[PDB]
$ cat model-v8.cif   # mmCIF, C-alpha atoms (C1' of nucleotides)
data_entry
loop_
_atom_site.label_atom_id
_atom_site.label_comp_id
_atom_site.auth_asym_id
_atom_site.auth_seq_id
_atom_site.Cartn_x
_atom_site.Cartn_y
_atom_site.Cartn_z
CA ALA A 17 17.52 -61.76 109.32
CA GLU A 18 19.33 -58.77 107.84
CA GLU A 19 16.88 -58.63 104.90
CA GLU A 20 13.71 -58.71 107.05
CA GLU A 21 12.05 -55.66 105.52
CA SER A 22 8.92 -54.16 107.04
CA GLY A 23 5.91 -55.04 104.91
CA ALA A 24 7.87 -57.72 103.05
CA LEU A 25 6.00 -60.92 102.21
CA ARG A 26 8.04 -64.11 101.92
CA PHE A 27 7.08 -67.40 100.27
CA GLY A 28 8.58 -70.84 100.72
CA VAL A 29 8.47 -73.37 97.89
CA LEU A 30 11.86 -75.17 98.05
CA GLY A 31 10.52 -77.19 100.98
CA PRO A 32 7.00 -77.31 102.38
CA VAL A 33 5.25 -74.31 100.85
CA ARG A 34 4.51 -71.54 103.34
CA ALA A 35 3.56 -67.87 103.59
CA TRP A 36 5.34 -65.45 105.94
CA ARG A 37 4.00 -61.96 106.67
CA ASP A 38 6.68 -59.85 108.41
CA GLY A 39 7.91 -62.94 110.28
CA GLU A 40 4.63 -64.66 111.22
CA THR A 41 3.47 -67.77 109.38
CA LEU A 42 0.10 -68.06 107.65
CA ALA A 43 -2.22 -71.06 107.48
CA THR A 44 -1.74 -72.19 103.88
CA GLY A 45 -4.56 -74.73 104.12
CA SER A 46 -5.34 -78.00 102.36
CA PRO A 47 -2.65 -79.85 100.37
CA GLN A 48 -4.44 -79.09 97.09
CA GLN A 49 -4.64 -75.44 98.15
CA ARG A 50 -0.90 -75.53 98.87
CA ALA A 51 -0.23 -77.10 95.47
CA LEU A 52 -2.36 -74.43 93.77
CA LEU A 53 -0.34 -71.75 95.56
CA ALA A 54 2.88 -73.43 94.43
CA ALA A 55 1.63 -73.67 90.83
CA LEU A 56 0.70 -69.98 90.85
CA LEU A 57 4.05 -69.05 92.41
CA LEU A 58 6.60 -70.95 90.31
CA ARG A 59 5.45 -69.20 87.10
CA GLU A 60 7.13 -66.00 88.44
CA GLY A 61 3.79 -64.10 88.43
CA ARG A 62 2.68 -65.28 84.96
CA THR A 63 -1.10 -65.62 84.33
CA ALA A 64 -2.10 -69.30 84.49
CA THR A 65 -5.55 -70.13 83.13
CA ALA A 66 -8.09 -72.03 85.21
CA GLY A 67 -8.05 -75.06 82.91
CA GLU A 68 -4.23 -75.22 83.03
CA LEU A 69 -4.38 -74.84 86.83
CA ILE A 70 -6.79 -77.81 86.86
CA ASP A 71 -4.36 -79.78 84.68
CA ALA A 72 -1.44 -78.90 86.96
CA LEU A 73 -3.26 -79.81 90.18
CA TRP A 74 -5.19 -82.92 89.08
CA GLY A 75 -3.84 -84.04 85.70
CA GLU A 76 -5.97 -86.04 83.27
CA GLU A 77 -9.15 -86.97 85.21
CA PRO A 78 -10.84 -83.99 86.89
CA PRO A 79 -14.38 -84.13 88.30
CA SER A 80 -17.03 -82.42 86.21
CA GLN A 81 -18.27 -79.52 88.37
CA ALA A 82 -14.98 -78.83 90.18
CA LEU A 83 -13.94 -75.58 88.50
CA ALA A 84 -15.69 -73.98 91.48
CA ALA A 85 -13.23 -75.94 93.62
CA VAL A 86 -10.36 -73.98 92.06
CA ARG A 87 -12.50 -70.85 92.44
CA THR A 88 -12.92 -71.41 96.18
CA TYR A 89 -9.23 -72.32 96.54
CA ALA A 90 -8.34 -68.96 95.00
CA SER A 91 -10.88 -67.26 97.28
CA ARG A 92 -9.24 -68.92 100.30
CA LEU A 93 -5.84 -67.70 99.08
CA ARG A 94 -7.22 -64.17 98.81
CA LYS A 95 -8.53 -64.62 102.35
CA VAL A 96 -5.12 -65.70 103.65
CA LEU A 97 -3.05 -63.42 101.41
CA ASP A 98 -3.46 -59.77 100.45
CA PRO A 99 -6.40 -58.74 98.23
CA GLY A 100 -4.00 -57.32 95.63
CA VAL A 101 -1.18 -59.88 95.63
CA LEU A 102 -3.35 -62.40 93.73
CA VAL A 103 -4.92 -60.89 90.61
CA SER A 104 -7.46 -62.42 88.23
CA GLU A 105 -6.62 -62.01 84.54
CA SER A 106 -8.39 -63.67 81.58
CA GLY A 107 -10.15 -66.13 83.89
CA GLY A 108 -6.91 -67.23 85.56
CA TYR A 109 -4.82 -66.18 88.53
CA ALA A 110 -1.39 -64.64 88.94
CA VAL A 111 0.57 -63.80 92.09
CA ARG A 112 1.95 -60.31 91.39
CA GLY A 113 3.51 -57.59 93.51
CA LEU A 114 6.37 -59.82 94.65
CA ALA A 115 9.61 -57.99 95.43
CA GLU A 116 13.12 -59.38 95.13
CA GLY A 117 13.97 -62.24 97.49
CA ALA A 118 10.29 -62.94 98.16
CA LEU A 119 10.39 -66.36 96.46
CA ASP A 120 12.99 -68.87 97.65
CA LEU A 121 13.27 -70.38 94.16
CA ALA A 122 14.26 -67.00 92.68
CA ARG A 123 16.75 -66.53 95.53
CA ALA A 124 18.26 -69.94 94.75
CA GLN A 125 18.45 -69.05 91.04
CA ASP A 126 20.23 -65.77 91.84
CA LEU A 127 22.61 -67.48 94.27
CA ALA A 128 23.47 -70.15 91.70
CA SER A 129 24.05 -67.48 89.03
CA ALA A 130 26.31 -65.52 91.40
CA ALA A 131 28.21 -68.71 92.26
CA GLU A 132 28.72 -69.44 88.55
CA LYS A 133 29.88 -65.85 87.98
CA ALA A 134 32.39 -66.15 90.83
CA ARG A 135 33.55 -69.48 89.39
CA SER A 136 34.19 -67.63 86.14
CA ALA A 137 36.00 -64.93 88.16
CA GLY A 138 37.84 -67.53 90.26
CA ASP A 139 36.62 -66.23 93.64
CA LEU A 140 36.46 -69.21 96.00
CA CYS A 141 35.41 -67.68 99.34
CA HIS A 142 32.61 -65.56 97.86
CA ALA A 143 31.05 -68.40 95.86
CA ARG A 144 31.51 -70.73 98.84
CA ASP A 145 29.49 -68.29 100.97
CA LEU A 146 26.90 -67.94 98.20
CA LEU A 147 26.44 -71.71 98.00
CA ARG A 148 26.32 -71.95 101.81
CA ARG A 149 23.45 -69.44 101.71
CA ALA A 150 21.84 -71.41 98.86
CA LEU A 151 21.95 -74.74 100.71
CA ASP A 152 20.29 -73.14 103.77
CA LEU A 153 17.06 -72.50 101.81
CA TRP A 154 15.25 -75.82 101.30
CA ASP A 155 14.14 -77.82 104.35
CA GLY A 156 13.75 -81.51 103.62
CA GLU A 157 12.17 -82.74 100.42
CA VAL A 158 10.83 -80.09 98.05
CA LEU A 159 7.02 -79.72 97.86
CA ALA A 160 6.28 -81.95 100.84
CA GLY A 161 2.92 -83.70 100.86
CA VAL A 162 1.32 -81.98 97.86
CA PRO A 163 -0.44 -83.97 95.11
CA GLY A 164 -0.49 -83.55 91.36
CA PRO A 165 1.63 -84.33 88.31
CA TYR A 166 2.89 -80.75 88.16
CA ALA A 167 3.94 -81.07 91.80
CA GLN A 168 5.70 -84.36 91.03
CA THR A 169 7.48 -82.84 88.02
CA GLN A 170 8.64 -79.84 90.05
CA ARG A 171 9.72 -82.19 92.86
CA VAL A 172 11.89 -84.36 90.63
CA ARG A 173 13.29 -81.36 88.71
CA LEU A 174 14.27 -79.49 91.86
CA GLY A 175 15.71 -82.67 93.37
CA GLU A 176 17.88 -83.16 90.29
CA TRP A 177 18.90 -79.48 90.36
CA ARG A 178 19.82 -79.85 94.04
CA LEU A 179 21.86 -82.91 93.05
CA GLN A 180 23.84 -80.91 90.48
CA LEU A 181 24.21 -78.09 93.02
CA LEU A 182 25.70 -80.56 95.50
CA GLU A 183 27.96 -81.93 92.75
CA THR A 184 29.30 -78.47 91.85
CA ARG A 185 29.56 -77.44 95.52
CA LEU A 186 31.58 -80.48 96.51
CA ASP A 187 33.69 -80.41 93.35
CA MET A 188 34.63 -76.88 94.45
CA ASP A 189 35.22 -78.25 97.96
CA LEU A 190 37.67 -80.77 96.52
CA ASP A 191 39.23 -77.90 94.55
CA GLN A 192 39.81 -75.84 97.71
CA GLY A 193 40.93 -78.70 99.96
CA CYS A 194 38.00 -79.78 102.15
CA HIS A 195 38.57 -83.52 102.46
CA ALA A 196 36.91 -84.74 105.66
CA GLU A 197 33.45 -83.16 105.47
CA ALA A 198 33.20 -83.95 101.76
CA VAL A 199 34.08 -87.62 102.29
CA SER A 200 31.60 -87.94 105.16
CA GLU A 201 28.63 -86.26 103.48
CA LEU A 202 29.22 -87.97 100.12
CA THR A 203 29.40 -91.32 101.91
CA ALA A 204 26.01 -90.44 103.40
CA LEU A 205 24.59 -89.33 100.04
CA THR A 206 25.82 -92.39 98.14
CA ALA A 207 24.36 -94.52 100.92
CA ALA A 208 21.11 -92.65 100.20
CA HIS A 209 21.71 -92.60 96.41
CA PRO A 210 23.05 -95.99 95.27
CA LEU A 211 23.12 -95.46 91.48
CA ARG A 212 24.24 -91.82 91.17
CA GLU A 213 27.46 -92.14 89.17
CA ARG A 214 28.63 -88.51 89.44
CA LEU A 215 28.58 -88.56 93.25
CA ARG A 216 30.53 -91.83 93.21
CA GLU A 217 33.15 -90.29 90.90
CA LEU A 218 33.33 -87.43 93.41
CA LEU A 219 33.90 -90.08 96.11
CA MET A 220 36.72 -91.57 93.99
CA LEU A 221 38.52 -88.26 93.48
CA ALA A 222 37.92 -87.22 97.11
CA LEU A 223 39.29 -90.45 98.58
CA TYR A 224 42.23 -90.41 96.15
CA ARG A 225 43.21 -87.01 97.60
CA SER A 226 42.36 -87.87 101.23
CA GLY A 227 44.67 -90.83 101.87
CA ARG A 228 41.98 -93.54 101.74
CA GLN A 229 42.00 -96.15 98.98
CA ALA A 230 40.53 -99.50 100.07
CA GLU A 231 36.94 -98.39 100.66
CA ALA A 232 37.17 -96.31 97.47
CA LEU A 233 37.79 -99.29 95.21
CA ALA A 234 35.37 -101.32 97.34
CA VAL A 235 32.68 -98.73 96.55
CA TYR A 236 33.76 -98.82 92.90
CA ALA A 237 33.47 -102.62 92.76
CA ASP A 238 30.04 -102.41 94.41
CA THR A 239 29.10 -99.75 91.84
CA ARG A 240 30.06 -101.99 88.92
CA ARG A 241 28.30 -105.01 90.45
CA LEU A 242 25.08 -103.08 91.15
CA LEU A 243 25.16 -101.39 87.74
CA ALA A 244 25.53 -104.78 86.06
CA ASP A 245 22.82 -106.36 88.23
CA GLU A 246 20.22 -103.60 87.89
CA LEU A 247 20.97 -102.43 84.34
CA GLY A 248 23.11 -105.05 82.57
CA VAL A 249 25.38 -102.43 80.98
CA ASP A 250 28.83 -100.82 81.50
CA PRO A 251 29.35 -97.61 83.53
CA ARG A 252 30.33 -94.31 81.93
CA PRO A 253 33.85 -94.20 80.45
CA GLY A 254 34.86 -91.18 82.55
CA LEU A 255 34.59 -93.21 85.76
CA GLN A 256 36.79 -95.95 84.29
CA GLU A 257 39.27 -93.34 83.03
CA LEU A 258 39.59 -91.67 86.43
CA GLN A 259 39.94 -95.05 88.15
CA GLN A 260 42.70 -96.00 85.69
CA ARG A 261 44.54 -92.72 86.28
CA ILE A 262 44.13 -93.37 90.02
CA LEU A 263 45.67 -96.83 89.59
CA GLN A 264 48.84 -95.44 87.98
CA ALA A 265 49.37 -93.11 91.00
CA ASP A 266 49.39 -89.87 89.04
CA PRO A 267 50.79 -87.08 91.27
CA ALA A 268 48.82 -84.40 89.38
CA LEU A 269 45.73 -84.92 91.55
CA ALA A 270 47.77 -85.15 94.76
"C1'" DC B 1 12.15 -122.62 133.52
"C1'" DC B 2 8.06 -120.53 132.85
"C1'" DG B 3 7.13 -115.33 133.96
"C1'" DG B 4 7.14 -111.00 133.48
"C1'" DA B 5 8.44 -106.71 131.06
"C1'" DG B 6 9.43 -104.40 126.97
"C1'" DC B 7 8.75 -104.25 122.33
"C1'" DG B 8 6.26 -104.94 117.17
"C1'" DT B 9 2.41 -105.04 114.83
"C1'" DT B 10 -2.57 -104.52 114.19
"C1'" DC B 11 -6.99 -103.01 114.86
"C1'" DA B 12 -12.14 -100.54 117.10
"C1'" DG B 13 -14.22 -96.37 120.20
"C1'" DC B 14 -14.77 -91.13 119.14
"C1'" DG B 15 -12.36 -86.55 117.19
"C1'" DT B 16 -10.87 -83.17 113.49
"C1'" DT B 17 -9.77 -82.01 109.01
"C1'" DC B 18 -10.39 -82.28 103.62
"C1'" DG B 19 -12.63 -82.72 98.72
"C1'" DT B 20 -15.90 -81.20 96.42
"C1'" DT B 21 -20.62 -78.25 96.13
"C1'" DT B 22 -24.19 -74.20 96.63
"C1'" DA B 23 -26.57 -70.18 96.93
"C1'" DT B 24 -25.64 -64.94 97.51
"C1'" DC B 25 -23.17 -60.77 96.54
"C1'" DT B 26 -20.11 -57.13 93.23
"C1'" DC B 27 -18.36 -56.15 88.81
"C1'" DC B 28 -18.75 -56.38 84.03
"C1'" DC B 29 -20.61 -57.57 79.31
"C1'" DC B 30 -24.36 -57.30 75.96
"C1'" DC B 31 -28.90 -56.38 73.77
"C1'" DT B 32 -33.29 -53.71 73.20
"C1'" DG B 33 -35.42 -49.07 73.77
"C1'" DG B 34 -35.31 -43.28 73.76
"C1'" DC B 35 -34.24 -39.14 72.33
"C1'" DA B 36 -39.31 -34.66 69.68
"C1'" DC B 37 -37.55 -26.44 66.14
"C1'" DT B 38 -36.65 -28.35 61.28
"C1'" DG B 39 -33.45 -30.75 58.71
"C1'" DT B 40 -37.33 -35.40 52.16
"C1'" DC B 41 -32.48 -37.72 46.17
"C1'" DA B 42 -25.67 -39.46 46.33
"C1'" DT B 43 -22.03 -41.35 43.54
"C1'" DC B 44 -18.06 -41.06 40.56
"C1'" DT B 45 -17.34 -44.00 36.98
"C1'" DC B 46 -15.36 -44.95 31.89
"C1'" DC B 47 -11.39 -43.57 27.47
"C1'" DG B 48 -4.60 -44.29 24.17
"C1'" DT B 49 -6.35 -53.54 25.72
"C1'" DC B 50 -7.06 -56.39 21.45
"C1'" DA B 51 -8.16 -59.39 18.30
"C1'" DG B 52 -11.21 -61.60 16.23
"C1'" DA B 53 -14.75 -64.43 16.77
"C1'" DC B 54 -19.55 -66.09 18.33
"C1'" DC B 55 -23.81 -64.75 18.96
"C1'" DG B 56 -28.30 -62.60 19.40
"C1'" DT B 57 -30.34 -58.53 18.51
"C1'" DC B 58 -32.59 -54.95 15.55
"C1'" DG B 59 -34.12 -51.62 12.27
"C1'" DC B 60 -34.06 -51.19 7.27
"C1'" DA B 61 -35.28 -53.48 3.00
#

$ encode --input "model-v8.cif" --output "structure tokens"
Amino acid sequence: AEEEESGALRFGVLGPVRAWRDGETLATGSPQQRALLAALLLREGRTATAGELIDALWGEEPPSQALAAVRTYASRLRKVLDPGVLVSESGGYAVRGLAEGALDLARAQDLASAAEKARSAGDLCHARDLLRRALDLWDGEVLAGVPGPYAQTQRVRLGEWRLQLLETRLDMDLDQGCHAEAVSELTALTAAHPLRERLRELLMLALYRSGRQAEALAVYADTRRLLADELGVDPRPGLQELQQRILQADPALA
DNA sequence: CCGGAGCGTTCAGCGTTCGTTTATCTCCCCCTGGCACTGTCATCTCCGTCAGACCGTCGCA
């Protein structure tokens, strides 16, 4: 609320895509219109051609006379948005005139970069606040209810990036000494994510430093059984190494 | 000792919202046509290969 500048236009892509003019929300429109807006936004104001926009929205099988569909989608964007924010260059469209902090993806990138810089500088409270601000950006699943293979690719990429953000965040939480909340939320996540090995290693190191051991090795046994049932292979050697060093009761982690 | 209520799932009435087209309205690109004092023949090449042949050409005999 402290950065609510007058005349500032804010866009939301990390969840359901939305447009905010000075605090009031705009009617984005149809799901394909929303996906076109997302495709034009994530390129950081780079000119995307109409054929590439068609490929991003629809993929391999477009209808024959539906370039005018993208034309009227862009016209509806220019209706909803400013006349000058969306510019037409070389037959394509680009969302220009965006100030800093306008796009939530760029804000997340800057927050992650600042968190990494503070990790390099060793500042725990500052990077903790930066990651707290970062996690308060996306609401629910990214790109909710939009079609297209580009939308699917962005969805899975940003979900994976959020997974690594949670991994780094909670590894730092185990570094600073936050046991209870970490154990609870990682139990919830591994209930949601059954085959994510990194989060389960985080559960192992968290429970080893929290005074709880039985459910830790129970989760580990379930992990090996499910990984053998669904894949037929052996888990990563780092998980076995950390479990072995847990078994010998090494006081370095404690 | 079935009976009712609450709960789970599954479909037919109309009610709104999308997906994909269509003709009209600005802005730009691109091609053909107009210019009415008179003004009516450019242009520098090319040299210190080179080595002799092959060949047709050509005027003298």

$ interface_residues --input "model-v8.cif" --of "chain B" --to "chain A" --cutoff "9 Å" --atoms "all atoms listed in the file" --output "number ranges by chain"
B: 17-21

$ resolve_selection --input "model-v8.cif" --expression "the PyMOL selection byres ((chain A and resi 118) around 9)" --output "list in words"
residues 24, 25, 26, 27, 28, 114, 115, 116, 117, 119, 120, 121, 122 and 123 of chain A

$ atom_distance --input "model-v8.cif" --atom1 "atom CA of residue A:218" --atom2 "atom CA of residue A:131"
19.4 Å

$ atom_distance --input "model-v8.cif" --atom1 "atom CA of residue A:35" --atom2 "atom CA of residue A:86"
19.1 Å

$ resolve_selection --input "model-v8.cif" --expression "the PyMOL selection byres ((chain A and resi 87-96) around 8)" --output "count of residues only"
15

$ closest_residue --input "model-v8.cif" --among "A:264, A:203, A:125, A:104" --to "residue A:178" --atoms "all atoms listed in the file"
A:125

$ residues_near_point --input "model-v8.cif" --point "(25.8, -90.2, 87.5)" --cutoff "12 Å" --atoms "all atoms listed in the file" --output "ChimeraX atom specification"
/A:176,179-180,183,206,209-219,239,243,251-255

$ atom_distance --input "model-v8.cif" --atom1 "atom CA of residue A:50" --atom2 "atom CA of residue A:154"
16.3 Å
